[PDB]
Each structure stands twice: as C-alpha cells, then as structure tokens.
Protein chains: 4
Amino acid sequence: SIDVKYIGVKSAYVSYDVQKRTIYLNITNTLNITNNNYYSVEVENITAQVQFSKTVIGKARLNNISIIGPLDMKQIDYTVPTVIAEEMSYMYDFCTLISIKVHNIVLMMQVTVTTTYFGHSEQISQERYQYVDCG
Amino acid sequence: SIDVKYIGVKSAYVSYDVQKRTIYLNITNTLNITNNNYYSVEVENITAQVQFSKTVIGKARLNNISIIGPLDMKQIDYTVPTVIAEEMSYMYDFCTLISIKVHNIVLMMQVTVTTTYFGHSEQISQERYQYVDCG
Amino acid sequence: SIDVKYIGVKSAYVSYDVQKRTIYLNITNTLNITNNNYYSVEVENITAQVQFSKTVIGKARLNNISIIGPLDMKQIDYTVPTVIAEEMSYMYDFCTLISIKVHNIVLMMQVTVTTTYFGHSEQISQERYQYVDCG
Amino acid sequence: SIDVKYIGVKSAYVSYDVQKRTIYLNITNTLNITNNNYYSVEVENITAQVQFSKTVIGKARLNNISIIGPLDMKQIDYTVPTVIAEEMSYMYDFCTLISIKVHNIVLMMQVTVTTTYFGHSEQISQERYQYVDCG
C-alpha cells in the first residue's frame, strides 16, 4: 500500500486555523504551492502466465478420506446462569453486562482448502472503539 | 491501495478555519495552488494468460470421501438462564444487558474449497463503534 | 508498504495554528513550496511465470486419511455461574461486567491447507480502543 | 516497508504553532521549500519464475495418516463461578470485572499446512489501548 493513516481529530495540507479568544490581527498570509503527486501501482508487463492444475488417478482404491478445511468448530458450550434470591432486601444495579461471544469486525479472504493465486491482496481496519461507558 | 484514511473530525487541503470568540481582523489571505495528481493503477499488459484445471480418473474405486470446506460449525450450545425471586423486596435495574453472539461487520471473500485466482482483491473497514452508553 | 501512520490529534504539511488567548499580531507569513512526490509500486516486468501442480496416483491403496487444515477447535467449555442470595440486606452494584469471549478485530488471509501464491499481500489495523470507562 | 510511525499528538513538515497566552508579535515568518520525494518499491524484472509441485504415488499402501495444520485447540475449559450470600449486610461494588478470554486484534496470514509463496508480505498494528478506567 501507500498512505494509510489515522487522524484523531484534524488534518491538512495547510492550516492557519485558530480558536477560542484569538485576536489574529493585521496579518498577511500568502501561500505559493506546487504539489505534484504521481502514482503507478500494481502495473504488470507479463508475456506468459499460467496457473495449471492436473489430477490424474488410475487404478487406485481410496477409502475413509476426509479433507477438512480450516476453522472447523465442534462441540462447544457457553453455560452462563445467574440467580437473585432476595428477601427483605434492597437491590440496586447499573451498567450491568453479561457479554457472551460478541464480535465486531470479522474479515476473511482466501480461507480455502487450496488456492493457486496470482496478484495483490489487502486488508485494512482503521477505527475507534469503546465497549462500555457509564457514570 | 493508495490513500486509506480516517479523520476523527475535520480534514482539508487548506483551512483558514476559526472558532468561538475570534476577532480575525484586517487580514490578507492569498493562496496560489497547482495541485496535480495522477494515478495509473492495476494496469495489465498481458500477452497470454491461462487458468487450466484437468481432472482425469480411470478405473479407480473411491469410497467414504468427504471434502468439507472451511467454517464447519457443529453441535454448539449457549445456555443462558436468569432468575429473580423477590419477596418483601425492592429491585432497581438499569442498562442491564445480556448480549449473546452479537456481531457487527462480517465480510468474506474467496471462502472456498478451491480457487484458481488471478487479480487484485481488497478489504476495508473504517469506523466508529460504541457498544453501550449510559448515565 | 509506504507511509503508514497514526496521528493522535492533528497533522499537516504546515500549520500556523493558534489557540486560547492568542494575540497573533502584525504578522507576515509567507510560504513558497514545491512538494513533488512520485510513486512506482509493485511494478512487474515478467516474461514467463507458471504455477504448476500435478497429482498422479497409480495402483495405490489409501485408508483412514484425514487432512485437517488450521484452527480446528474441538470440545470447548465456558461455564460461568453467579448467585446473589440476599436477606435483610442492601446491594449496590455498578459497572459490573462479565465479559466472556469478546473479540474486536479478526482479519485472516490465506488460511488454507495449501497455496501456490504469487504477489503482494498486506494487513493493517490502525485504531483507538477502550474496553470500559466509568465514574 | 518505508515510513511507519506513531505520533501521540501532532505532526508536521513545519509548525509555527502557538498556544494559551501567546503574544506572537511583529513577526516575519518566511519559508522557501523544495521537498522532492521519490519511491520505487517492490519492482521486479523477472525473465522466468516457476512454482512447481508434483505428487507421484505408485503401488503404495497408506493407513491411519493425519495431517493436522496449526492451531488445533482441543478439550479446553474455563470454569468461573461467583457467589454472594449476604444476611443483615451492606454490599457496595464498582468497576467490578470478570473478563474471560477477551481478544482485541487477531490478524493472520499464510496460516497453512503448506505454501509455495513468492512475494512481499506485511503486518502493521498502530494503536492506543486502555482496558479499564474508573474513579
């Protein structure tokens, strides 16, 4: 990649910016520029490419074969009980969380058994997060 | 990629911006520019490409074969009980969450058993999040 | 990559920026520039590439074969009980979290059994986080 | 890579920036520049590449074979009980966390049984974090 970037607040080529109780006074702001940006990306002069697969079987005898590809989950539990047995009793609760198997961002590519692959591949995930907030 | 970017508030080529109790006064803001941006991306001079697959079988004998591709889930549980047995009793609750298997963003590409692939592939996920907020 | 960068607040080519109780006064700000940026990335002069696979079987005898690819999960538990047996009793709670198997960001690429691969591959994850906040 | 960098607050080519109770007064700020940046990255003059695999089997006899690829999890537990048996009793709680198997950022590439690979591969993870905050 080129230029992959995370600005928390503010960004610029230039900024004469100001704020609050500012007496920006009697000013000469000049700005001659000559910004000239060129890009030549993933450029391919190829005269012969091939992606050949060949699967020859003859007089063979094949039993109890299992190709499992990735991320086989199996026989999973999440047992999560709660009880509140009150008697002559005050309860207050607040911001009271029972998170179980939360996801947010789940990106996959070329999750395979096989691949003949040829080229650019990419993954990008700029962000802000906050799971919980209270007062 | 080129130029993949996350601005929290504000962004610009230029910004003479101002705020609040600002006496921006008696000013000369000039700005000569010559911004010249060129892009030449994923450009392909190819004289011969091939993606060949061939599957020859003869006098073979094949039993109990299982190709499972990825993400086989199997036999999963999420048991999540709650009880509130009150007697002569005040309960207050607030912001009281029982999240179970929440997702947000789920992007997939080339989730296969096989692939002969040729070219650019890409994935991008700019964001803000907040699961919970209270007061 | 080129240029992969995380700015907490603010960023620029230039910044004459100011703030609060600022008497920026009687000023001459000039700025001659000649910013000239060139990029020539992932550029490929190839005269012959091949990705050849060949799978010859004859008079063979094959039993109880299992190709598992990665991330096979199996037979997993998460037992998480809670009890609150109150009598003549005040309870206060706040910001009271029972997180179990939370994720945020989950990016995969070429998670395979096999791959003949040819080219650029990339992964990028700029961010801010905060799991919990309270007062 | 080139240029991979983490700025906590603010960044620039130049910054005449100012703050608070500033009397920036009677000033001449000039700035002649000639910033000229060139990049020539992952550039490949190749006249013959090959990625050849060949799998010849004859009159062989194969039993009880198991290729497991990486990250095989198996038979895992997380038993996490809590009890609160109050009688004639005040409880206060705050910011009271029972984190179990939280992740944040999980990036994988070429997690395989095999790979014939040819090229650039990359991974980058600029960030701020804070698990917990309270007062």
# chains A, B, ... in the order shown; residues from 1 in each chain; ligands from 1
>>> interface_residues(of="chain D", to="chain A", cutoff="9 Å", atoms="only C-alpha atoms", output="list in words")
residues 9, 58, 59, 69 and 112 of chain D
>>> write_last_selection(atoms="N, CA and C atoms", output="short mmCIF file (atom, residue, chain, number, x, y, z; two decimals), in the first residue's frame")
data_model
loop_
_atom_site.label_atom_id
_atom_site.label_comp_id
_atom_site.auth_asym_id
_atom_site.auth_seq_id
_atom_site.Cartn_x
_atom_site.Cartn_y
_atom_site.Cartn_z
N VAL D 9 0.39 12.99 19.50
CA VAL D 9 -0.46 14.16 19.38
C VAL D 9 -0.33 14.71 17.97
N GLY D 58 2.50 -44.58 -6.59
CA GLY D 58 2.55 -45.76 -7.44
C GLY D 58 1.65 -46.88 -6.91
N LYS D 59 2.28 -47.92 -6.32
CA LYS D 59 1.56 -49.08 -5.80
C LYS D 59 1.76 -49.15 -4.29
N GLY D 69 -2.91 -29.29 10.40
CA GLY D 69 -2.28 -27.97 10.35
C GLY D 69 -2.33 -27.27 11.71
N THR D 112 -1.18 -22.11 7.19
CA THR D 112 -1.43 -23.18 6.23
C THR D 112 -0.92 -24.51 6.77
#
>>> select_by_dssp(residues="chain D", states="strand (DSSP E or B)", output="ChimeraX atom specification")
/D:2-7,10-11,14-15,25-29,36-38,41,44-46,49-56,61-62,65-68,82-85,90-91,97,100,105-111,116,121,124,127-128
>>> write_last_selection(atoms="C-alpha atoms", output="compact mmCIF listing (two decimals), in the first residue's frame")
# COMPACT_ATOMS: atom_id res chain seq x y z
CA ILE D 2 9.22 2.65 4.48
CA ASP D 3 7.90 5.19 6.99
CA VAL D 4 5.78 3.52 9.65
CA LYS D 5 5.25 5.87 12.55
CA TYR D 6 3.15 6.67 15.58
CA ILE D 7 2.55 10.28 16.63
CA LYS D 10 0.68 16.23 16.43
CA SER D 11 2.99 16.13 13.44
CA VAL D 14 6.63 22.60 9.65
CA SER D 15 4.74 24.12 12.55
CA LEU D 25 4.05 39.92 17.78
CA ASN D 26 5.64 41.88 14.89
CA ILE D 27 6.82 38.78 13.07
CA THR D 28 8.24 37.76 9.67
CA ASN D 29 7.89 34.03 9.01
CA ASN D 36 11.07 16.12 -3.57
CA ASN D 37 10.32 12.54 -2.60
CA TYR D 38 10.67 9.54 -4.95
CA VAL D 41 9.16 -0.18 -4.41
CA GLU D 44 10.54 -6.91 -10.35
CA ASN D 45 12.39 -7.55 -13.65
CA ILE D 46 11.97 -11.36 -13.85
CA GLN D 49 9.75 -17.86 -12.49
CA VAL D 50 8.07 -21.19 -11.68
CA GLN D 51 6.26 -22.67 -8.67
CA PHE D 52 6.14 -26.41 -9.43
CA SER D 53 4.61 -29.10 -7.21
CA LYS D 54 4.39 -32.80 -8.20
CA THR D 55 2.91 -35.69 -6.20
CA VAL D 56 3.56 -39.15 -7.73
CA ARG D 61 -0.45 -48.75 0.81
CA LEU D 62 -1.27 -45.91 3.25
CA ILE D 65 -2.50 -40.80 8.22
CA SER D 66 -3.46 -37.46 9.83
CA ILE D 67 -2.06 -34.11 8.68
CA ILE D 68 -3.23 -31.56 11.24
CA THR D 82 -19.09 -16.49 41.90
CA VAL D 83 -21.40 -16.42 44.95
CA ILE D 84 -22.59 -13.59 47.24
CA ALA D 85 -24.57 -14.82 50.27
CA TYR D 90 -24.45 -3.97 53.08
CA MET D 91 -22.61 -4.60 49.79
CA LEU D 97 -14.96 -7.01 36.05
CA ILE D 100 -12.63 -14.22 30.36
CA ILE D 105 -6.78 -7.67 17.37
CA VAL D 106 -6.21 -11.01 15.67
CA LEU D 107 -4.55 -10.90 12.25
CA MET D 108 -3.29 -14.00 10.39
CA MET D 109 -1.68 -14.63 7.04
CA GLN D 110 -0.41 -17.85 5.38
CA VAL D 111 -1.63 -19.99 8.25
CA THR D 116 4.81 -22.27 -2.23
CA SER D 121 4.04 -9.95 2.77
CA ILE D 124 1.11 -3.50 10.92
CA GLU D 127 -2.76 1.80 18.20
CA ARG D 128 -3.82 3.13 21.57
